[PDB]
Amino acid sequence: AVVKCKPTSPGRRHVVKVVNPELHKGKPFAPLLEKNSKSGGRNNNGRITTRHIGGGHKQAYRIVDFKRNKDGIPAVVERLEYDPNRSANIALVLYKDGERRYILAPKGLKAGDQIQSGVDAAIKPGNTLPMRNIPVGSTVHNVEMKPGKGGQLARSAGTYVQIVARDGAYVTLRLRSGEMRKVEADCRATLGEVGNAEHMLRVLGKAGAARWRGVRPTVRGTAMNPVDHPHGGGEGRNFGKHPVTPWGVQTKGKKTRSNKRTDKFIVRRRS
Amino acid sequence: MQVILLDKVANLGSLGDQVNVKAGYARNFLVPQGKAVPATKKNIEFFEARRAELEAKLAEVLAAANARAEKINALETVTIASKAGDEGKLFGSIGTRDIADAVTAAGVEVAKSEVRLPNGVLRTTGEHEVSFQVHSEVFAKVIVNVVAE
Amino acid sequence: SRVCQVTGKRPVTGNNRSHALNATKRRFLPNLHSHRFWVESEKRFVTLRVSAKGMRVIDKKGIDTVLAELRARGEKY
RNA sequence: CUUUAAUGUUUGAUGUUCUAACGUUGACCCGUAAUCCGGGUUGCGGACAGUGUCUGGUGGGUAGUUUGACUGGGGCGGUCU
RNA sequence: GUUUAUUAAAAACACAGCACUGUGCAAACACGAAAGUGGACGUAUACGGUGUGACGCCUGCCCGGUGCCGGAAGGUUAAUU
RNA sequence: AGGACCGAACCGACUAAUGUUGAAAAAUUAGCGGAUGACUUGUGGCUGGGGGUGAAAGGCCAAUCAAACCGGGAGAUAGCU
């Protein structure tokens with residue numbers, strides 16, 4: 001659910017928190033954590049390659065299974081854990097042989113549910129199987145681009161991929177952006193839609209909330225100096241120029257896609 | 001260049017001829033795996049006498065290849081049971097690896113790269129005919145039987 | 001480095017002479033490509049970062065002789 | 001000889017298919033108790049992409065520069081033979 | 001809340017929110033002659049850029065100029081030959 | 001519970017006076033703002049000059065910055081004093 005926080009003090013007036021009562025409260029599964037280092041937006045050369053990244057609360061990486069390499073084993077969910085590394089929630093599934101792994105929690109998955117990934121993989125929300133055995137027209141998430149790569153499509157919150165047609169050894173997919181893409185049928189994916197979809201309704205209420213998520217304030221170019229930004233500045237607020245990126249690349253319309261290698265896998269762009 | 005052919009490759013030579021063939025075809029096809037040898041004014045006379053013995057010994061290995069082609073026809077059918085569903089829908093698929101593994105475990109060993117399956121994909125239960133590549137001019141047909149399990 | 005293995009060709013430097021005869025320094029770069037070559041004496045696929053001109057050189061010289069040239073000056077292939 | 005018809009060659013344009021060049025930040029094994037790299041076996045693209053030389057277009061992102069003189073101070077206005 | 005350390009603390013910057021646009025992953029973009037790295041061990045409810053700046057009511061008309069996105073009838077057009 | 005309130009340490013520097021060859025190459029006194037957070041601080045590390053960093057003042061980068069400092073070209077050049 002979504003709760004609008006009462007305006008007890010300025011800065012909490014517009015806060016709209018997202019509450020998940022069934023989300024587990026407590027420490028995660030210790031063996032499935034890895035050390036995460038904040039880069040701060042700096043590469044190995046130490047320069048800020050991408051801006052507005054720095055600070056924020058410390059986070060521990062969760063090993064989320066995207067490949068589903070081991071197949072044909074019944075699985076049961078145990079708990080849902082908050083994952084700071086991604087918008088979507090994660091679920092801790094215990095295999096019938098005693099192995100615990102992390103998977104992306106779909107919308108229809110709650111506590112005390114049973115999933116089955118295998119060659120048969122009866123069509124239920126949460127099952128994992130290749131596209132050759134998935135009916136055309138179902139909501140599918142955690143889609144792959146290559147066989148065995150593991151979960152490279154529709155990983156965010158409330159996102160899904162719809163299958164429109166097969167037409168041979170490939171499969172045509174309607175991506176969430178609105179673009180038709182062709183992938184080989186050997187790619188493995190999961191049925192159902194991904195979990196919590198009310199991620200829009202949270203608005204963070206204040207500047208400080210965005211500060212501890214790792215986002216630094218952004219300086220608009222029109223308030224900068226000509227030596228710093230192409231927009232620069234004059235006496236008062238003056239623009240007089242076409243909007244461009246700080247590196248002199250025209251913005252608001254100029255397409256920057258130049259691949260010429262994956263174009264054959266695309267039959268229709270977004271709109 | 002002036003490469004000299006040494007096999008029964010497609011119609012651009014007559015088992016030894018100085019032709020005007022671009023280096024793209026000559027390399028990566030003729031130099032790595034038989035069928036020819038570059039002629040740089042030194043192998044032209046060396047291989048002239050070599051036509052007597054290697055060509056003669058090459059004319060008998062092809063007879064042995066036909067013998068394996070005739071020997072493998074002792075069954076004319078190979079049965080493989082694989083998981084499948086209704087309306088002839090197969091959960092998995094069968095390729096050159098499975099056919100080669102089935103034949104090797106049954107009779108004379110065969111290479112999976114020798115399987116000529118252009119069209120090519122096994123998706124239905126029943127009878128299927130697959131051709132082989134025992135020679136550039138000789139082909140063998142074997143009927144495979146996939147059964148839903 | 002962008003150096004041909006068999007011919008030993010290295011990038012050179014030149015000028016960007018425009019219509020106004022302006023001189024701007026530039027580099028001429030060779031046509032290096034990593035190609036795999038088959039050898040009969042050693043029965044192995046050898047990979048060489050060879051230039052386009054070098055490939056024509058090994059066509060007449062042969063892969064055996066050019067490998068001897070590499071071993072003559074201690075080049076590693 | 002002007003014209004045209006038909007086998008066989010040579011060179012261009014389009015379209016399909018194939019793999020051996022090439023790519024692989026796909027899977028497995030080894031060096032090797034190693035997310036580098038290399039080698040091997042497959043899978044997917046595939047003569048595409050990408051790179052080198054030349055070439056047309058764009059290109060204040062960057063660089064070197066120019067932006068006259070007389071003048072009842074300078075600028076503006078006016079003039080320069 | 002931040003800012004001209006050492007004459008300017010502000011109506012300046014930032015801000016949550018909003019809108020446009022680019023990006024299907026070997027992503028766009030950025031740092032690097034390159035390898036590679038950040039983006040991100042993230043995957044369009046995500047990331048970058050731009051403008052405005054809580055909230056309420058709204059954001060009217062104009063595509064001639066410049067830029068951007070598509071079109072192919074037609075003309076010019078380099079290297080090449 | 002709060003980027004809540006009053007107010008010490010702590011951080012900062014809005015007003016006035018003194019000081020202006022000063023106790024001090026920006027301080028003292030009296031007042032002042034924040035003071036559980038976009039807070040502050042200790043230790044260590046990284047980003048190097050047409051570059052870094054910048055809640056953006058062309059501010060900061062060793063008492064300096066519209067291109068730091070040291071050495072070299074170099075006895076640059078000066079129709080100027």
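Residue numbers begin at 1 in each chain, while the letters A, B, ... track the order of the sequences. For the numbers below, each heavy atom of this structure counts, side chains included, while hydrogens, waters and symmetry mates do not.
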For [N], take OP1 and OP2 only and decide whether either is under 4.0 Å from a side-chain N or O of [X].
X      : N     : answer
A:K146 : D:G45 : no
A:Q152 : E:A26 : yes
A:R220 : E:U52 : yes

Starting the side chain at C-beta, find the nucleotide from [options] nearest to [X].
X      : options             : value
A:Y61  : E:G42, D:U53, E:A30 : E:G42
A:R257 : E:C25, E:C29, E:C15 : E:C25
A:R51  : F:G2, E:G49, F:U53  : E:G49
C:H35  : E:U23, E:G49, D:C22 : D:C22
A:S87  : D:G50, D:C54, E:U45 : E:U45
A:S156 : E:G36, E:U23, E:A44 : E:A44
A:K149 : D:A20, D:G26, E:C31 : D:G26
A:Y170 : D:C44, E:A26, E:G39 : D:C44
A:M200 : D:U41, E:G51, E:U45 : E:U45
A:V219 : E:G38, F:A56, E:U66 : F:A56

Round to the nearest Å and state the distance from [X] atom [atom1] to [N] atom [atom2].
X      : N     : atom1 : atom2 : value
A:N225 : F:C60 : CG    : P     : 13 Å
A:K182 : E:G24 : NZ    : P     : 18 Å
C:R44  : D:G39 : CZ    : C1'   : 11 Å
A:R47  : F:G54 : CZ    : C1'   : 15 Å

Rounding to 0.5 Å, atoms CD1 (B:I94) and CD1 (B:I80) come to a distance of 7.5 Å
Between A:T218 and A:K35, the residue closer to the 5' end of RNA chain E by nearest nucleotide is A:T218
RNA chain E nearest-nucleotide lookup for A:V244 and A:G158: closer to the 5′ end is A:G158
Kindly indicate whether the side chain of [X] and the base of [N] share any N or O donor-acceptor pair separated by less than 3.5 Å?
X     : N     : answer
C:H33 : D:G50 : yes
A:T50 : E:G38 : no
C:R2  : E:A33 : no
A:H14 : E:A16 : no

Across the strands shown, which category fits [X] at heavy-atom distances under 4.0 angstrom: base, sugar-phosphate, nothing?
X      : answer
B:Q33  : nothing
C:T24  : nothing
C:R49  : nothing
A:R12  : sugar-phosphate
A:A197 : base
A:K206 : base

Rounding to the closest angstrom, what is the interatomic distance between [N] and [M] at atom [atom1]?
N     : M     : atom1 : value
D:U25 : E:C69 : P     : 32 Å
F:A67 : D:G64 : P     : 13 Å
F:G59 : E:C13 : P     : 16 Å
F:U64 : E:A5  : P     : 11 Å

Need the glycosidic conformation of [N]: syn if within 90° of 0, anti if not. Which one?
N     : answer
D:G60 : syn
F:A26 : syn
E:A9  : anti

If [N] has a Watson-Crick or G-U wobble mate with both distances under 3.5 Å, name it; if not, just say none.
N     : value
F:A16 : F:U29
D:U35 : none
E:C20 : E:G49
D:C28 : D:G40

Side chains of [X] and [Y] only: does a donor on one sit below 3.5 Å from an acceptor on the other?
X      : Y      : result
A:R176 : A:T159 : no
A:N196 : A:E198 : no
C:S51  : C:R2   : no

Per nearest nucleotide of RNA chain F, the residue lying toward the 5' end, A:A207 or A:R42, is A:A207
Whichever of A:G208 and A:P226 has the more 5' nearest nucleotide on RNA chain F, that residue is A:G208
Distance under 6.0 Å and angle within 45° of ring axis: C:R10 vs C:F28:
no
*Assess B:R116 against B:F139: is NZ or CZ under 6.0 Å from the centre of the six-membered ring, and within 45 degrees of the ring's axis?*
yes
Applying a cutoff of 5.5 Å on centroid distance plus 30° on plane angle, are these adjacent nucleotides, [N] and [M], stacked?
N     : M     : value
D:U71 : D:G72 : no
E:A34 : E:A35 : yes
F:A63 : F:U64 : no
D:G77 : D:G78 : yes
F:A13 : F:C14 : no

> Is there side-chain contact between A:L191 and A:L129, with heavy atoms separated by less than 4.5 Å?
Replying inline: yes
Could you go step by step and tell me if A:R181 and A:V183 meet the side-chain contact (heavy atoms from CB on, under 4.5 Å) rule? CA-CA 7 Å; A:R181 200 207 201 283; A:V183 298; 3.8 Å; yes
(message) Tell me if the centroids of the rings in C:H35 and C:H33 come within less than 6.0 Å of each other.
(response) no
